[PDB]
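Asker: Below: one structure in structure tokens.
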Amino acid sequence: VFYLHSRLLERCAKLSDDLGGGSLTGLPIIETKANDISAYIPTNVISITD
Amino acid sequence: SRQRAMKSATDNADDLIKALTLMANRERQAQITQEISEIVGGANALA
Amino acid sequence: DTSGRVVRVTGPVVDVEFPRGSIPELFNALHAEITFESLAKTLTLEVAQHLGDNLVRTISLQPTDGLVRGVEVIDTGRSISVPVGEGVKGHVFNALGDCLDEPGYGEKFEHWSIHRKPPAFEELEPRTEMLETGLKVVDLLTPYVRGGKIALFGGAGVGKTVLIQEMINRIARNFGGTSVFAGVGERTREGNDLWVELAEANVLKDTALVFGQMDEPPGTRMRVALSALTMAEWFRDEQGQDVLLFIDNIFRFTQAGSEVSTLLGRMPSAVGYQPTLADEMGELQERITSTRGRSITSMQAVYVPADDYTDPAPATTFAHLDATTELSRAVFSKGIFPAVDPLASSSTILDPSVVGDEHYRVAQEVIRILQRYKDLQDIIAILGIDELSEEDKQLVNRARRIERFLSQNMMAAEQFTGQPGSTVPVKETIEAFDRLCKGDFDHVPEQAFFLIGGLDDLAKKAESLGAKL
Amino acid sequence: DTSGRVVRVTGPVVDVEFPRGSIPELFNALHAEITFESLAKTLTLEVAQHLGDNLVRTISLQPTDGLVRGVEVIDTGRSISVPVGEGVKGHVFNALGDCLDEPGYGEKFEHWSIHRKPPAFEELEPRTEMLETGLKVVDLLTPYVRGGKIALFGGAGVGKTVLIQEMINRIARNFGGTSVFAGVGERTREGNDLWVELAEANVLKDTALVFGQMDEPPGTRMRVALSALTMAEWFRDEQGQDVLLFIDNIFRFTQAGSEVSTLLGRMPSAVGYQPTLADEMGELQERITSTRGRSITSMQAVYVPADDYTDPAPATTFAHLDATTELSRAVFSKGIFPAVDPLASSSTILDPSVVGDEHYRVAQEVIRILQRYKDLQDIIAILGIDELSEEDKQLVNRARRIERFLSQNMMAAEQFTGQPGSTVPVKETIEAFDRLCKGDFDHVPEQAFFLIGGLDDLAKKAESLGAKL
Amino acid sequence: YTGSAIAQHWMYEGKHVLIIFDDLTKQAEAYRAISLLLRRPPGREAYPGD
Ligand SMILES: Nc1ncnc2c1ncn2[C@@H]1O[C@H](COP(=O)(O)OP(=O)(O)O)[C@@H](O)[C@H]1O
Ligand SMILES: Nc1ncnc2c1ncn2[C@@H]1O[C@H](COP(=O)(O)OP(=O)(O)O)[C@@H](O)[C@H]1O
Ligand SMILES: [Mg+2]
Ligand SMILES: [Mg+2]
């Protein structure tokens, strides 16, 4: 599951000037339960994003 | 009044400690059961 | 002939059948082909297990999307090899030894296998020399070790990458030896930032960068640390001069081993980790070391999953380290940076015989005051600062000022606050904290201790508030 | 020969072998025969999985006690079908479509399959029209939607069924359209009670009742919601007049699906629920909807296991609703009825563009006062209200009065207290709670806000206790 | 279930019966034992889903 989300989100990038200079900004949304920000998928995704 | 109020607060903190300890023991037992469920689920998936 | 045949493909794990007498050894690299034009590539497969009946279970280092069962698998006869020598400095490498900075570079260097045994026990010697950084909290409470093992523990998003870039700035810039940085299962934006920033600081020419990032399959994330370790081991054992090794999230290594564990047919351990957690962590961490006369100063970032320091992975990483800086999200939420937990962090050379009587005594008094403040925080939250003793109120004021003075404006954090960074000598740190403990600044507000340098910055920010030291 | 043959009987799950070329499709109904004259019956088996080797795994809708291996299984060629049309109003049905009120009734009606696809995305349209009930807490903090999806979450014994009956009394009695009730895994005594109560109130002639209750195999408890939903979808798509759909404990549908998944030999997810939990929930819930010009107002009870709102079943149910009323055991213990949690409940039309600026402002101020009261529960629990600031004492008194004033004497509660129920218009609720938030009733005791209606009842009870508005 | 059948036979004859189940907690624990010995995956508190 970490590989799932990490390879999904790592494709959002700011390209170099030789590659066109395009951008893909990412807004993943994660719903916690009972404010448990320290669950499995929440902590997986918090460590992937900027 | 301060003596009476502090005795009341001591009894209240006692009851709160008791309830919190009950909840903590429930969560401890639940954590052990859930961990065993995951371990046995993996072991049964591989068997 | 002596060729193999793909039999099963389950994600990153590939089963391969060989003819009798041609079974490849464990850890051998094998080559398979993916001919689909959109994904055409050459898969490298590391032999992980001998399954029996001539079968072999391997882990792929590239994604196996497009792989067909039955294709030919070539045994290369050796493990994964990476280039070694002085020529790897100044370039960015793959987990396989391919140069990204300049494709085709290093193909004719000497190549070392990434799988080694650690140095013999009769070659190890304890390191007890202080490495001075300029950070008040590190210099005072977790002094680093020349040629020793340093770690940065922390949950997701506290200070680890910023702190390790700060230490690359402080330790590696005016350094006289070789640096090796291993990006292990981290962000590619941060790797590009580090590459560009080393290039501008004119320090990239002394650094070898090896990246395997989060988008890679678990095989690359398992082996990239071994590749960078092999480069650092060459610089230690052959060149013989003062290596610096930085590994960003060694935990990812461990995590990669747990992504393929059940696919390799291993019953899971306690918290979902592989049964061989401590054994693999030990066979890797025992190569990251200094021998007698051959120094490697190591600095690793250790991700603490879900902020839980009792998690098996950091809990078994703890035993491999000489100094540990532990970052808390509770300190992070209060705005204190670096978000070091002073009561959970440690160092083996924080000893009167190494750092001196005054250093040690000031550190102990700071720790005692912070511990008493932690003990009083609950009463202060419920009952208020008024129901404390006069001595306890004095200690609480001193402790708030101390915990704010431990923070610092870091060189690598100017991109977050706009304020430039500060370097504080260790003698100034010790003297300032001795004054704080005695109570010489009990009249200065809590602010003016926050994100400053030494005592001169303290005076300036106090007078900018209407105070005098 | 095209008939099947019973091979395995694992509880209410049956494996059936068919000749090659005569394998029934998924969801097809099959008929086996139990001939033990004490338990003689015809088993309806619903095809669930294709196992291979011409085997099929089916779920039985009747208990398989007395089923022998090898008996003949007849494929009906189609799924389970229920009677539809106007004739289903006023009668009670099985999950299979058999009239319990009058056996044999509706056999010549049109019959519809209980497996439908949800409406196409282009036919869907958001519903933002407020359905006024007359309950203060519902009309103020979680206004219901005409043509939308309402749910009542709660633990054991907090008042979900009493609230379903209250909403029947309020909405379905003055209702100009058709109503459908689905008893799913609930008490049979409650089904009899509702049957008699709807017959007395002259509402039965408009209501179609479908019951699969606690004493049914998990297949019946999994399919009865689909049967009742098929009747409701006929009333929506083939007549187009304002359907009402009440579903008591869709969680029992989820729990029966979990039992079946365990019996089908699937790998369990977390907690113990089926891997297809959210998929089954979505397939069922996406059919319970209003299309463009065709209204179905849904009303579901959702049981919360062991008072755990993070349980996967209620957690996956939460995302399918426009209005959620959460019943708390904390609120229930204080005696406040309905035991609604004002801070955990929500509604998608609580928005200034739908309910108005004054409604929204009053609701937000009530929520702010109640949240501030909740943030102080530890200090109040240990020390009481005597240590707070004056701001906080004032807020805590206003919040106590607000939380007692959210209770109400319900029409469904007269069977428990003998006291008749009250209806409060939403304008009166807004005005009253505005005056409570501003502090117009700070002198009135905490009681006299408890289990009343509008401001007139507040005045009467206040002066019966000794105060004046 | 044995006691309930003995009671139901009388109930369907027009009689009035009162059944007491000294402990349904112990029946639940015995059923949990039987289900774990049948290797069925448990749920909350290791109890069967049924
Ligand atoms: N010393 C500091 N001063 C100011 N801001 C900081 C400091 N350290 C970290 N931060 C902020 O907190 C975030 C922490 O990121 P980082 O520590 O690199 O994540 P991780 O620990 O997961 O590698 C940074 O993006 C930065 O904005
Ligand atoms: N509004 C109310 N006023 C008084 N008592 C109530 C009210 N609502 C529920 N109760 C009491 O609590 C019980 C809740 O029963 P029920 O609604 O079936 O619970 P559940 O929330 O488990 O569905 C009622 O039978 C009654 O005893
Ligand atoms: Mg990092
Ligand atoms: Mg009920």
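Convention: chains lettered A, B, ... in structure tokens order; per-chain residue numbering from 1; ligands numbered from 1 as shown.
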Could you list, as a PyMOL selection string, the residues of chain C having an atom within 12 Å of chain B when counting only C-alpha atoms?

Answerer: chain C and resi 261-275+382-383

Asker: Just to be explicit: take each residue in the selection above, keep N, CA, C and O atoms, and write the result as an mmCIF file, in the first residue's frame.

Answerer:
data_model
loop_
_atom_site.group_PDB
_atom_site.id
_atom_site.type_symbol
_atom_site.label_atom_id
_atom_site.label_comp_id
_atom_site.auth_asym_id
_atom_site.auth_seq_id
_atom_site.Cartn_x
_atom_site.Cartn_y
_atom_site.Cartn_z
ATOM 1 N N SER C 261 8.224 -9.582 2.278
ATOM 2 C CA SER C 261 8.416 -10.681 3.219
ATOM 3 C C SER C 261 7.404 -11.797 2.997
ATOM 4 O O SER C 261 7.780 -12.956 2.803
ATOM 5 N N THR C 262 6.110 -11.470 3.032
ATOM 6 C CA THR C 262 5.097 -12.508 2.871
ATOM 7 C C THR C 262 5.088 -13.076 1.460
ATOM 8 O O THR C 262 4.726 -14.240 1.267
ATOM 9 N N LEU C 263 5.483 -12.278 0.466
ATOM 10 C CA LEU C 263 5.604 -12.791 -0.891
ATOM 11 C C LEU C 263 6.770 -13.752 -1.036
ATOM 12 O O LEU C 263 6.777 -14.560 -1.969
ATOM 13 N N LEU C 264 7.753 -13.678 -0.147
ATOM 14 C CA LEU C 264 8.850 -14.631 -0.107
ATOM 15 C C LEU C 264 8.521 -15.866 0.717
ATOM 16 O O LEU C 264 9.348 -16.776 0.800
ATOM 17 N N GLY C 265 7.341 -15.919 1.325
ATOM 18 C CA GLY C 265 6.918 -17.088 2.064
ATOM 19 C C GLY C 265 7.360 -17.106 3.510
ATOM 20 O O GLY C 265 7.670 -18.171 4.052
ATOM 21 N N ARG C 266 7.391 -15.945 4.151
ATOM 22 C CA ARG C 266 7.805 -15.828 5.541
ATOM 23 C C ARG C 266 6.608 -15.473 6.408
ATOM 24 O O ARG C 266 5.875 -14.530 6.100
ATOM 25 N N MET C 267 6.428 -16.215 7.494
ATOM 26 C CA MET C 267 5.372 -15.898 8.438
ATOM 27 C C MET C 267 5.647 -14.543 9.085
ATOM 28 O O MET C 267 6.785 -14.262 9.475
ATOM 29 N N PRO C 268 4.639 -13.685 9.215
ATOM 30 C CA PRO C 268 4.884 -12.335 9.727
ATOM 31 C C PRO C 268 5.217 -12.336 11.208
ATOM 32 O O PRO C 268 4.807 -13.216 11.967
ATOM 33 N N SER C 269 5.982 -11.331 11.609
ATOM 34 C CA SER C 269 6.362 -11.134 12.998
ATOM 35 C C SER C 269 5.345 -10.205 13.666
ATOM 36 O O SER C 269 4.247 -9.994 13.146
ATOM 37 N N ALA C 270 5.703 -9.650 14.826
ATOM 38 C CA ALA C 270 4.742 -9.043 15.742
ATOM 39 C C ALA C 270 3.889 -7.961 15.085
ATOM 40 O O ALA C 270 2.658 -8.069 15.037
ATOM 41 N N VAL C 271 4.516 -6.901 14.585
ATOM 42 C CA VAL C 271 3.776 -5.702 14.201
ATOM 43 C C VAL C 271 3.709 -5.627 12.681
ATOM 44 O O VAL C 271 3.665 -4.543 12.090
ATOM 45 N N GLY C 272 3.716 -6.784 12.034
ATOM 46 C CA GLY C 272 3.676 -6.850 10.594
ATOM 47 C C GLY C 272 5.030 -6.850 9.933
ATOM 48 O O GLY C 272 5.098 -6.827 8.699
ATOM 49 N N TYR C 273 6.104 -6.874 10.708
ATOM 50 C CA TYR C 273 7.451 -6.855 10.171
ATOM 51 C C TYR C 273 7.905 -8.266 9.831
ATOM 52 O O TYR C 273 7.312 -9.256 10.258
ATOM 53 N N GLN C 274 8.960 -8.345 9.032
ATOM 54 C CA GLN C 274 9.535 -9.631 8.700
ATOM 55 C C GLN C 274 10.168 -10.256 9.942
ATOM 56 O O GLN C 274 10.590 -9.546 10.858
ATOM 57 N N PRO C 275 10.223 -11.587 10.012
ATOM 58 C CA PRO C 275 10.900 -12.222 11.153
ATOM 59 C C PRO C 275 12.380 -11.902 11.226
ATOM 60 O O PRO C 275 12.946 -11.883 12.324
ATOM 61 N N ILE C 382 -4.056 21.896 34.823
ATOM 62 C CA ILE C 382 -5.329 21.779 35.532
ATOM 63 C C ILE C 382 -5.462 22.826 36.631
ATOM 64 O O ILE C 382 -6.460 23.549 36.693
ATOM 65 N N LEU C 383 -4.473 22.931 37.517
ATOM 66 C CA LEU C 383 -4.596 23.768 38.703
ATOM 67 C C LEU C 383 -3.986 25.154 38.550
ATOM 68 O O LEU C 383 -4.368 26.062 39.293
#

Asker: Ligand 3: which residues are within 10 Å, counting only C-alpha atoms and all ligand atoms, as a PyMOL selection string?

Answerer: (chain A and resi 47-48+50) or (chain C and resi 154-165+183+185-187+190+248-249+301-303)

Asker: What residues in chain A lie within 10 Å of chain D, counting only C-alpha atoms, written as a ChimeraX atom specification?

Answerer: /A:32-34,36

Asker: Generate a file of the selected residues that holds N, CA and C atoms, formatted as a PDB file, in the first residue's frame.

Answerer:
ATOM      1  N   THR A  32      -9.108  10.636   8.390  1.00  0.00           N
ATOM      2  CA  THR A  32      -8.800   9.912   9.609  1.00  0.00           C
ATOM      3  C   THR A  32     -10.090   9.551  10.341  1.00  0.00           C
ATOM      4  N   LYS A  33      -9.954   8.696  11.348  1.00  0.00           N
ATOM      5  CA  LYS A  33     -11.078   8.262  12.163  1.00  0.00           C
ATOM      6  C   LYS A  33     -10.754   8.538  13.620  1.00  0.00           C
ATOM      7  N   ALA A  34     -11.633   9.286  14.289  1.00  0.00           N
ATOM      8  CA  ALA A  34     -11.450   9.671  15.690  1.00  0.00           C
ATOM      9  C   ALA A  34     -10.157  10.455  15.885  1.00  0.00           C
ATOM     10  N   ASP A  36      -7.397  10.035  14.643  1.00  0.00           N
ATOM     11  CA  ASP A  36      -6.232   9.154  14.697  1.00  0.00           C
ATOM     12  C   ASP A  36      -5.366   9.413  13.469  1.00  0.00           C
TER      13      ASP A  36
END

Asker: Taking into account only C-alpha atoms, which residue in the set D:85, D:102, D:45, D:215 is nearest to chain E?

Answerer: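 Nearest to chain E: D:215.
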
Asker: I'd like the interatomic distance between CA of residue 202 (chain C) and CA of residue 170 (chain C), to a tenth of an Å.

Answerer: 14.0 Å

Asker: From the DSSP assignment of the backbone, select every residue of chain A that is helix (DSSP H, G or I), and format the answer as number ranges by chain.

Answerer: A: 2-9, 40-46

Asker: Find the residues around residue 20 (chain E) up to 10 Å (only C-alpha atoms counted), leave out those fewer than 4 positions away in its own chain, and share them as a PyMOL selection string.

Answerer: chain E and resi 3-4+24

Asker: Using only C-alpha atoms, which residues sit within 8 Å of residue 45 (chain A) once same-chain residues fewer than 6 positions away are excluded, as a list in words?

Answerer: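 Contacts, in chain order: residues 2, 5 and 6 of chain A.
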
Asker: Export C-alpha atoms of the chosen residues as a short mmCIF file (atom, residue, chain, number, x, y, z; two decimals), in the first residue's frame?

Answerer:
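The result, written out as result.cif:
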data_model
loop_
_atom_site.label_atom_id
_atom_site.label_comp_id
_atom_site.auth_asym_id
_atom_site.auth_seq_id
_atom_site.Cartn_x
_atom_site.Cartn_y
_atom_site.Cartn_z
CA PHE A 2 2.92 2.33 0.67
CA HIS A 5 0.47 5.65 -2.80
CA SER A 6 4.16 6.55 -3.13
#

Asker: Residues of chain E within 12 Å of chain B, counting only C-alpha atoms, what are they? List them as an mmCIF file with N, CA and C atoms, in the first residue's frame.

Answerer:
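Contents of selection28.cif, freshly written:
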data_model
loop_
_atom_site.group_PDB
_atom_site.id
_atom_site.type_symbol
_atom_site.label_atom_id
_atom_site.label_comp_id
_atom_site.auth_asym_id
_atom_site.auth_seq_id
_atom_site.Cartn_x
_atom_site.Cartn_y
_atom_site.Cartn_z
ATOM 1 N N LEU E 36 -13.110 -21.357 17.104
ATOM 2 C CA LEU E 36 -11.662 -21.281 16.966
ATOM 3 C C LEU E 36 -11.053 -22.653 16.732
ATOM 4 N N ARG E 39 -11.159 -23.492 13.195
ATOM 5 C CA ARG E 39 -10.296 -22.606 12.417
ATOM 6 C C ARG E 39 -11.099 -21.538 11.682
ATOM 7 N N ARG E 40 -12.133 -21.027 12.334
ATOM 8 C CA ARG E 40 -12.815 -19.926 11.668
ATOM 9 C C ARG E 40 -12.236 -18.595 12.132
ATOM 10 N N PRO E 41 -12.010 -17.668 11.205
ATOM 11 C CA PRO E 41 -11.386 -16.392 11.559
ATOM 12 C C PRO E 41 -12.258 -15.603 12.516
ATOM 13 N N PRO E 42 -11.708 -15.175 13.641
ATOM 14 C CA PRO E 42 -12.497 -14.473 14.651
ATOM 15 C C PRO E 42 -12.639 -12.996 14.306
ATOM 16 N N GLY E 43 -13.390 -12.293 15.144
ATOM 17 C CA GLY E 43 -13.585 -10.872 14.968
ATOM 18 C C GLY E 43 -13.272 -10.070 16.211
ATOM 19 N N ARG E 44 -14.227 -9.258 16.648
ATOM 20 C CA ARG E 44 -14.047 -8.439 17.837
ATOM 21 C C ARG E 44 -13.985 -9.318 19.080
ATOM 22 N N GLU E 45 -12.945 -9.117 19.892
ATOM 23 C CA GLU E 45 -12.700 -9.906 21.102
ATOM 24 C C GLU E 45 -12.550 -11.390 20.786
ATOM 25 N N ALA E 46 -12.088 -11.690 19.572
ATOM 26 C CA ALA E 46 -11.895 -13.045 19.062
ATOM 27 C C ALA E 46 -13.191 -13.841 19.002
ATOM 28 N N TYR E 47 -14.298 -13.185 19.004
ATOM 29 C CA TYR E 47 -15.586 -13.844 18.884
ATOM 30 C C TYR E 47 -15.940 -14.056 17.417
#

Asker: Applying 12 Å and only C-alpha atoms, which residues near residue 13 (chain B) remain after dropping the ones on its own chain fewer than 6 positions away? List them as a short mmCIF file (atom, residue, chain, number, x, y, z; two decimals) with N, CA, C and O atoms, in the first residue's frame.

Answerer:
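So the final result, stored in part-v2.cif, reads:
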data_model
loop_
_atom_site.label_atom_id
_atom_site.label_comp_id
_atom_site.auth_asym_id
_atom_site.auth_seq_id
_atom_site.Cartn_x
_atom_site.Cartn_y
_atom_site.Cartn_z
N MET B 6 -11.33 20.24 48.38
CA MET B 6 -10.19 19.41 48.03
C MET B 6 -10.47 17.94 48.30
O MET B 6 -10.01 17.08 47.54
N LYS B 7 -11.24 17.62 49.34
CA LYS B 7 -11.67 16.24 49.51
C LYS B 7 -12.54 15.79 48.34
O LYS B 7 -12.40 14.67 47.84
N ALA B 19 -11.78 4.87 36.25
CA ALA B 19 -12.40 4.72 34.94
C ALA B 19 -11.36 4.70 33.82
O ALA B 19 -11.46 3.91 32.88
N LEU B 20 -10.34 5.56 33.92
CA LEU B 20 -9.30 5.60 32.90
C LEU B 20 -8.49 4.32 32.89
O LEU B 20 -8.08 3.85 31.82
N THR B 21 -8.25 3.72 34.06
CA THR B 21 -7.52 2.46 34.12
C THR B 21 -8.34 1.33 33.52
O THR B 21 -7.79 0.45 32.85
N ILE C 382 -4.06 21.90 34.82
CA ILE C 382 -5.33 21.78 35.53
C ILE C 382 -5.46 22.83 36.63
O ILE C 382 -6.46 23.55 36.69
N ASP D 378 -12.82 17.97 31.59
CA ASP D 378 -11.87 17.41 32.56
C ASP D 378 -11.77 18.29 33.80
O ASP D 378 -11.84 17.79 34.93
N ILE D 379 -11.62 19.60 33.60
CA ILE D 379 -11.58 20.53 34.72
C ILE D 379 -12.88 20.47 35.51
O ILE D 379 -12.87 20.45 36.75
N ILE D 380 -14.01 20.45 34.81
CA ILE D 380 -15.30 20.37 35.50
C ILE D 380 -15.45 19.02 36.19
O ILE D 380 -16.08 18.92 37.26
N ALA D 381 -14.88 17.96 35.62
CA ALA D 381 -15.02 16.63 36.22
C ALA D 381 -14.22 16.52 37.50
O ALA D 381 -14.66 15.86 38.45
N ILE D 382 -13.05 17.15 37.56
CA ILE D 382 -12.23 17.06 38.76
C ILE D 382 -12.59 18.16 39.75
O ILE D 382 -12.84 17.89 40.93
N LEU D 383 -12.65 19.41 39.29
CA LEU D 383 -12.77 20.55 40.18
C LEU D 383 -14.15 21.21 40.18
O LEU D 383 -14.44 21.97 41.11
N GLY D 384 -14.98 20.95 39.18
CA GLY D 384 -16.27 21.61 39.09
C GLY D 384 -16.21 22.91 38.32
O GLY D 384 -15.18 23.30 37.76
#

Asker: DSSP on the backbone, then: every residue of region 111-275 of chain D marked strand (DSSP E or B), written as a ChimeraX atom specification.

Answerer: /D:111-113,124,130-131,144-145,149-154,179-184,207-212,243-248

Asker: Export C-alpha atoms of the chosen residues as a short mmCIF file (atom, residue, chain, number, x, y, z; two decimals), in the first residue's frame?

Answerer:
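Output file selection-v3.cif is given in full below:
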data_model
loop_
_atom_site.label_atom_id
_atom_site.label_comp_id
_atom_site.auth_asym_id
_atom_site.auth_seq_id
_atom_site.Cartn_x
_atom_site.Cartn_y
_atom_site.Cartn_z
CA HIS D 111 -42.18 -9.35 -10.61
CA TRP D 112 -38.89 -7.46 -10.55
CA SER D 113 -35.40 -8.80 -9.96
CA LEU D 124 -28.41 12.01 -10.66
CA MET D 130 -35.00 21.04 3.83
CA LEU D 131 -37.43 18.50 5.28
CA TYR D 144 -33.06 16.68 6.90
CA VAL D 145 -33.32 16.71 3.11
CA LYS D 149 -30.38 10.21 2.61
CA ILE D 150 -30.74 10.43 6.39
CA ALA D 151 -29.14 7.98 8.81
CA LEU D 152 -29.36 7.46 12.57
CA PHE D 153 -26.18 6.02 14.05
CA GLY D 154 -26.20 4.67 17.57
CA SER D 179 -43.80 4.48 2.07
CA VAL D 180 -41.65 1.34 2.24
CA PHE D 181 -40.29 -0.13 5.47
CA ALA D 182 -37.46 -2.68 5.52
CA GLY D 183 -36.92 -4.56 8.75
CA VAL D 184 -33.41 -5.95 8.35
CA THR D 207 -46.92 1.37 3.40
CA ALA D 208 -45.25 -1.78 2.10
CA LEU D 209 -43.46 -3.78 4.80
CA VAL D 210 -40.63 -6.23 4.10
CA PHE D 211 -39.19 -8.16 7.06
CA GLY D 212 -36.12 -10.33 7.35
CA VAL D 243 -41.36 7.44 -2.05
CA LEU D 244 -40.37 7.13 1.60
CA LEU D 245 -37.93 4.37 2.56
CA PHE D 246 -37.24 3.38 6.17
CA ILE D 247 -34.49 0.82 6.82
CA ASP D 248 -33.99 -0.40 10.38
#

Asker: Would you work out the distance separating CA of residue 134 (chain D) from CA of residue 423 (chain D), expressed in Å to one decimal?

Answerer: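 Atom-to-atom, CA of residue 134 (chain D) to CA of residue 423 (chain D), that is 4.8 Å.
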